[PDB]
Amino acid sequence: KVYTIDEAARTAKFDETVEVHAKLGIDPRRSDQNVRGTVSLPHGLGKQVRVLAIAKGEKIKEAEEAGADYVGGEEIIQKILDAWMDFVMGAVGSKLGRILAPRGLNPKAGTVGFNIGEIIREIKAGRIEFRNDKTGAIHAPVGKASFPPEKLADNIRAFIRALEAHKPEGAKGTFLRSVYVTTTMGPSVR
Amino acid sequence: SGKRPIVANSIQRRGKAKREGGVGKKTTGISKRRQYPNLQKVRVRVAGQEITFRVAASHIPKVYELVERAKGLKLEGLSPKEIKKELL
Amino acid sequence: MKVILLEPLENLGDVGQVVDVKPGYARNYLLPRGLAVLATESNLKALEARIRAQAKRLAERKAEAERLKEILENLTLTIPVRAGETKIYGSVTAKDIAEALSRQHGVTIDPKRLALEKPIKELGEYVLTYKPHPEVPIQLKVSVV
RNA sequence: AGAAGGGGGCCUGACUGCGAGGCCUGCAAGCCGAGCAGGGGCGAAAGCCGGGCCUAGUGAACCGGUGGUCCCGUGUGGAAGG
RNA sequence: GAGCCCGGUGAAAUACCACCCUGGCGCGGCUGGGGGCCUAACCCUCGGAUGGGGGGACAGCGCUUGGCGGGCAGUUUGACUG
RNA sequence: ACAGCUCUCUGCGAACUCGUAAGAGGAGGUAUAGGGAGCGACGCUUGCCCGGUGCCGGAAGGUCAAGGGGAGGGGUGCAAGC
RNA sequence: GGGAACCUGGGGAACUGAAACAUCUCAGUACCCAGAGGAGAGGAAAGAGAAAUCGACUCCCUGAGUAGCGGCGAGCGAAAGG
RNA sequence: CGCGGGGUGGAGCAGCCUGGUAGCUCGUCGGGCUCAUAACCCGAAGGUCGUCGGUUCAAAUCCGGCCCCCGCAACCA
Ligand SMILES: [Mg+2]
Ligand SMILES: [Mg+2]
Ligand SMILES: [Mg+2]
Ligand SMILES: [Mg+2]
Ligand SMILES: [Mg+2]
Ligand SMILES: [Mg+2]
Ligand SMILES: [Mg+2]
Ligand SMILES: [Mg+2]
Ligand SMILES: [Mg+2]
Ligand SMILES: [Mg+2]
Ligand SMILES: [Mg+2]
Ligand SMILES: [Mg+2]
Ligand SMILES: [Mg+2]
Ligand SMILES: [Mg+2]
Ligand SMILES: [Mg+2]
Ligand SMILES: [Mg+2]
Ligand SMILES: [Mg+2]
Ligand SMILES: [Mg+2]
Ligand SMILES: [Mg+2]
Ligand SMILES: [Mg+2]
Ligand SMILES: [Mg+2]
Ligand SMILES: [Mg+2]
Ligand SMILES: [Mg+2]
Ligand SMILES: [Mg+2]
Ligand SMILES: [Mg+2]
Ligand SMILES: [Mg+2]
Ligand SMILES: [Mg+2]
Ligand SMILES: [Mg+2]
Ligand SMILES: [Mg+2]
Ligand SMILES: [Mg+2]
Ligand SMILES: [Mg+2]
Ligand SMILES: [Mg+2]
Ligand SMILES: [Mg+2]
Ligand SMILES: [Mg+2]
Ligand SMILES: [Mg+2]
Ligand SMILES: [Mg+2]
Ligand SMILES: [Mg+2]
Ligand SMILES: [Mg+2]
Ligand SMILES: [Mg+2]
Ligand SMILES: [Mg+2]
Ligand SMILES: [Mg+2]
Ligand SMILES: [Mg+2]
Ligand SMILES: [Mg+2]
Ligand SMILES: [Mg+2]
Ligand SMILES: [Mg+2]
Ligand SMILES: [Mg+2]
Ligand SMILES: [Mg+2]
Ligand SMILES: [Mg+2]
Ligand SMILES: [Mg+2]
Ligand SMILES: [Mg+2]
Ligand SMILES: [Mg+2]
Ligand SMILES: [Mg+2]
Ligand SMILES: [Mg+2]
Ligand SMILES: [Mg+2]
Ligand SMILES: [Mg+2]
Ligand SMILES: [Mg+2]
Ligand SMILES: [Mg+2]
Ligand SMILES: [Mg+2]
Ligand SMILES: [Mg+2]
Ligand SMILES: [Mg+2]
Ligand SMILES: [Mg+2]
Ligand SMILES: [Mg+2]
Ligand SMILES: [Mg+2]
């Protein structure tokens, strides 16, 4: 309505269920649905999202403080990847196709925050404070969101999942949306 | 063929193309002849007392307007050219 | 095809109304059997005022009831009803009620549209009303000698 | 055959720009082609390579079709169309 | 996404709100095709009818679509050549 | 040409013909009738082939003109739009 | 009703030409019919066309055999402006 | 050039668009039927599901790209 009504997400418990559902065209020729990997997202979030950096057993004093809370090392190569209830989740960059204990034994893998300057500094931002959403087939849409408390200052669901419309080829015209969930879902234009 | 509030008619031709496209390749018309678009007729009775009309077709209503009169008219049998000559 | 109607017809019968139809129905049935007429702004405007020149033409049988209400209401009647106690003698026909209003205050009386069902024929107090629609109930009193 | 033939190695000059000068010739067509410039192939090199030992293996313009480029673009702009 | 569940395990976990592929039903729109009855346009009729019979949105007629169409028309049916 | 035979068309505003039409023949007729076709009194007869052609019959499918239909695309304007 | 041609409207050929011929040409000519009259039509902008322009209409001379039209054949052929 | 339909045991047909497990038919051959035969009855092996590879955990198959096949197509200087 009018703009993109944020506080439209109002009972349940701790309202933290806003969404960004919107369709478009399937696979117009080549491409499809590839939102920005861990986009900035104009939200301080507060999401103490326990992110893991499977870097090394030498980065366990600041890799933990690398924006999340708990981060192990390479002892998760054959000690933690053998079961069905035992086997975020990072990996190794550069070119190392290190997909042995994390590719079959799948939860999150592509590349780790290219920050060899430090695993946790005061100049590096976005490693445990960003989101994404690849494809979804004959049922796309859906993005991340914060809590209920946020005036016309929670305009992050109208810039990361609504501007992430740069991975759309040609063959149709995107349309129909709604920002909400666990409550309902009202729609907003562009 | 007549007209009433309308008019006689035209006798335009009938071109005949075994053409192509110009929006494809070339194109041409084999021939044409003198047609006869017989100005769409039709007749309407109606009443001022009980009159007859070979109304145009387009102007069909038109009559019905002329209908809506009442100018003190009696035994004429005709009584139409009496609406017409005072018609638009 | 806009047209005014007449003899209320089903689907479209709110007399003197406006309804669209296929030229045929009008031009052949409705129109011929004087049950409606062409949208003719003429018969349209003329009709229009055949309403306002009636709406307030009858809205006088209601307007001159408010001038008669703010008067026949309070001001009672007080009839010299020649009676005396028990079962009165000469019942109160409006030929007397109106006769003791018209032929008393020089005011319009309607010895019928008065709400009188029967002559009473006994002394007491009443408050019948002036008919029909909005009504002015004259409070009428009875007396003796 | 003192190769145009038989075999091997790299290559794509079966190029773009042009063309002095001829052959043949009624016109229009057809025919060989030195050499300059451009960037290339093979070679140590002098050099050769603008298709095929050689003559047949094809069809004026008109009309449309696809590509592109600078030009035109009906008051001007851009388009529709040349 | 956790009060209105995980679990264990598998390609994927459910209590709930959603955006939508698959697909049918539920009251409306806009349009369609059909099969019925009608009469009043159009048609035909009846000892002369302001009417009565029967046909009836059909037929007939205007425009436009495609086809059949020597019934008729204009034409074409090469040149060399003892 | 002929009587006579046969196939065939035609339900009456008949089919068919003349005519742009109105109208008229048909016929003031109504299938024991009217038109078209071939054969040609009368006697005995008239075989086989429905692949191709024509015509009669097939409320299924194939193809198909408008028109309806609008997924999708292009032109322009800052735009609502056109 | 008449009237030598002359004018306007309504209709409206073919031979020819293209060295055949069907678009095309001849040609809106011939001729037919109506009508107007000493003439007829046309006539005061819902124009023209690129000029800060022009200013009813009709006739002549140029524009110009240009622009264009065209089985881009034969051939046809303006207008503004002066 | 436009559209859009089919490769499946030897042959000629379903199946997949809802993936998930390849089945009709006829024949090949061996028994059962008489002396034998066609009518017949039964048991059988026989496909990298056209491929270059895109998806899915997994394709005969879901959607494209490709060699014929196959019908509608509209001209043709
Ligand atoms: Mg979709
Ligand atoms: Mg286990
Ligand atoms: Mg042709
Ligand atoms: Mg032509
Ligand atoms: Mg001609
Ligand atoms: Mg109309
Ligand atoms: Mg009049
Ligand atoms: Mg007028
Ligand atoms: Mg070589
Ligand atoms: Mg030469
Ligand atoms: Mg050279
Ligand atoms: Mg060569
Ligand atoms: Mg030519
Ligand atoms: Mg041509
Ligand atoms: Mg322009
Ligand atoms: Mg539980
Ligand atoms: Mg749906
Ligand atoms: Mg509906
Ligand atoms: Mg009837
Ligand atoms: Mg009737
Ligand atoms: Mg009809
Ligand atoms: Mg002939
Ligand atoms: Mg010839
Ligand atoms: Mg000879
Ligand atoms: Mg017959
Ligand atoms: Mg007769
Ligand atoms: Mg004979
Ligand atoms: Mg015999
Ligand atoms: Mg046969
Ligand atoms: Mg047959
Ligand atoms: Mg049939
Ligand atoms: Mg269509
Ligand atoms: Mg727009
Ligand atoms: Mg005269
Ligand atoms: Mg000719
Ligand atoms: Mg010629
Ligand atoms: Mg010719
Ligand atoms: Mg010709
Ligand atoms: Mg003079
Ligand atoms: Mg004059
Ligand atoms: Mg004026
Ligand atoms: Mg002069
Ligand atoms: Mg001049
Ligand atoms: Mg000159
Ligand atoms: Mg001039
Ligand atoms: Mg297939
Ligand atoms: Mg098949
Ligand atoms: Mg095959
Ligand atoms: Mg097969
Ligand atoms: Mg599907
Ligand atoms: Mg079987
Ligand atoms: Mg078998
Ligand atoms: Mg056998
Ligand atoms: Mg067998
Ligand atoms: Mg064998
Ligand atoms: Mg035997
Ligand atoms: Mg097998
Ligand atoms: Mg394989
Ligand atoms: Mg195998
Ligand atoms: Mg298969
Ligand atoms: Mg296979
Ligand atoms: Mg598909
Ligand atoms: Mg072809």
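Cut-off values and rules
Residues numbered from 1 in each chain as written, not as in the entry; some residues may be left out. Chains lettered and ligands numbered in written order. Part of a larger assembly, values for the part shown. Heavy atoms only, no water. Residues with missing side-chain atoms left out of burial classes, pairs and counts. Helix = DSSP H or I, 4+ residues; strand = E, 2+ residues; numbered from the N terminus. Rg over C-alpha atoms; globule rule 2.2 N^0.38 Å. Buried < 20%, exposed > 50% of the residue type's maximum accessible area, 1.4 Å probe, protein only. Contact = heavy atoms within 4.5 Å. Salt bridge = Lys/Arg side-chain N within 4 Å of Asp/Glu carboxyl O. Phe/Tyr/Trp six-rings, centres within 6.5 Å; stacked < 30°, edge-to-face > 60°. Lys NZ or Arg CZ within 6 Å of the ring centre and 35° of its normal.

- As deposited, the entry is annotated with X-ray crystallography as its determination method and 3.50 Å as its resolution.

## Here's the deal with the overall build of chain B
Okay, so step 1: Assigned secondary structure in chain B consists of two helices and two strands.
Okay, so step 2: Computed over its C-alpha atoms, the radius of gyration of chain B comes to 21 Å, more than 25% above the 12 Å expected for a compact globule of 88 residues.
Okay, so step 3: Counting the 88 residues in chain B, one finds 19% classified as buried.
Okay, so step 4: Taking all contacts inside chain B whose residues are at least 6 apart in sequence as the whole, residues at least 24 apart take part in 37%.

## Digging into the overall build of chain A
Okay, so step 1: Scanning chain A from terminus to terminus reveals zero helices and two strands.
Okay, so step 2: Taking the principal axes of the C-alpha coordinates as reference, chain A spans close to 55 × 40 × 35 Å.

## Here's the deal with the environment of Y70 of chain A
Residue and element names in this part refer to chain A.
Okay, so step 1: Of note, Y70 is situated in the loop between strand 1 (21-22) and strand 2 (177-178).
Okay, so step 2: Sequence separation of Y70 and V49 is 21 residues, and the distance between their C-alpha atoms is 10.0 Å.
Okay, so step 3: Discounting chain neighbours no more than four positions away, the residues touching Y70 are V51, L52 and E64.

## Focus on the pattern of salt bridges
Residues and elements named next belong to chain C.
Okay, so step 1: Here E48 makes a salt bridge to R52, at a shortest N to O gap of 3.0 Å. Taken together, the residues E48 and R52, both in helix 2 (residues 41-58) and four residues apart, mark about one turn of the helix.
Okay, so step 2: Between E66 and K62 there is a salt bridge, with its nearest N and O atoms 4.0 Å apart.

## Side note on the packing of aromatic side chains
Okay, so step 1: An angle of 10° between the planes, with centres 5.6 Å apart, marks the rings of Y25 of chain C and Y29 of chain C as stacked. Highlighted residues: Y25 of chain C and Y29 of chain C, both in helix 1 (residues 23-30), separated by four residues, approximately one helical turn.
Okay, so step 2: In this structure, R4 of chain B is placed above the aromatic ring of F53 of chain B, and the distance from its NZ or CZ to the ring centre is 4.7 Å.
Okay, so step 3: The positively charged end of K84 of chain B is found above the aromatic ring belonging to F53 of chain B, 5.0 Å away from the centroid.

## Observations concerning the arrangement of the chains
Okay, so step 1: The least C-alpha distance between chain A and chain B, which are not in contact, is 25 Å.
Okay, so step 2: If you take every C-alpha in chain A and every C-alpha in chain C, the smallest gap between them is 38 Å, and the two do not touch.

## Structural notes on the environment of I51 of chain B
Residue and element names in this part refer to chain B.
Okay, so step 1: With respect to the helices and strands, the residue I51 is situated in the loop between strand 2 (29-31) and helix 1 (60-67).
Okay, so step 2: Residues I51 and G2, spaced 49 residues apart in sequence, show a C-alpha to C-alpha distance of 17 Å.
Okay, so step 3: Setting aside residues no more than four positions away along its own chain, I51 makes contact with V44, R45, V46, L78 and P80.

## Here's the deal with the environment of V37 of chain C
Residue and element names in this part refer to chain C.
Okay, so step 1: Tracing the chain through its elements places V37 in strand 2 (residues 36-38).
Okay, so step 2: Separated by 74 residues in the primary sequence, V37 and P111 place their C-alpha atoms 43 Å from one another.
Okay, so step 3: Among residues more than four places away in sequence, those in contact with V37 are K2, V3, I4, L31 and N43.

## What about unusual backbone geometry?
Okay, so step 1: Of note, the amide linkage connecting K131 of chain C to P132 of chain C takes the cis form, showing an omega dihedral of 0°.
Okay, so step 2: Secondary-structure assignment places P132 of chain C in the loop between strand 3 (125-126) and strand 4 (140-141).
Okay, so step 3: Of note, the phi angle at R4 of chain B is positive, near 70°, even though the residue is not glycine.
Okay, so step 4: The residue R4 of chain B is located in the segment before strand 1 (16-17) in this model.
Okay, so step 5: In this model, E85 of chain C sits at a positive phi of 80°, which is unusual for a non-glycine residue.
Okay, so step 6: Inspection of the secondary structure puts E85 of chain C in the loop between helix 3 (69-72) and helix 4 (94-97).

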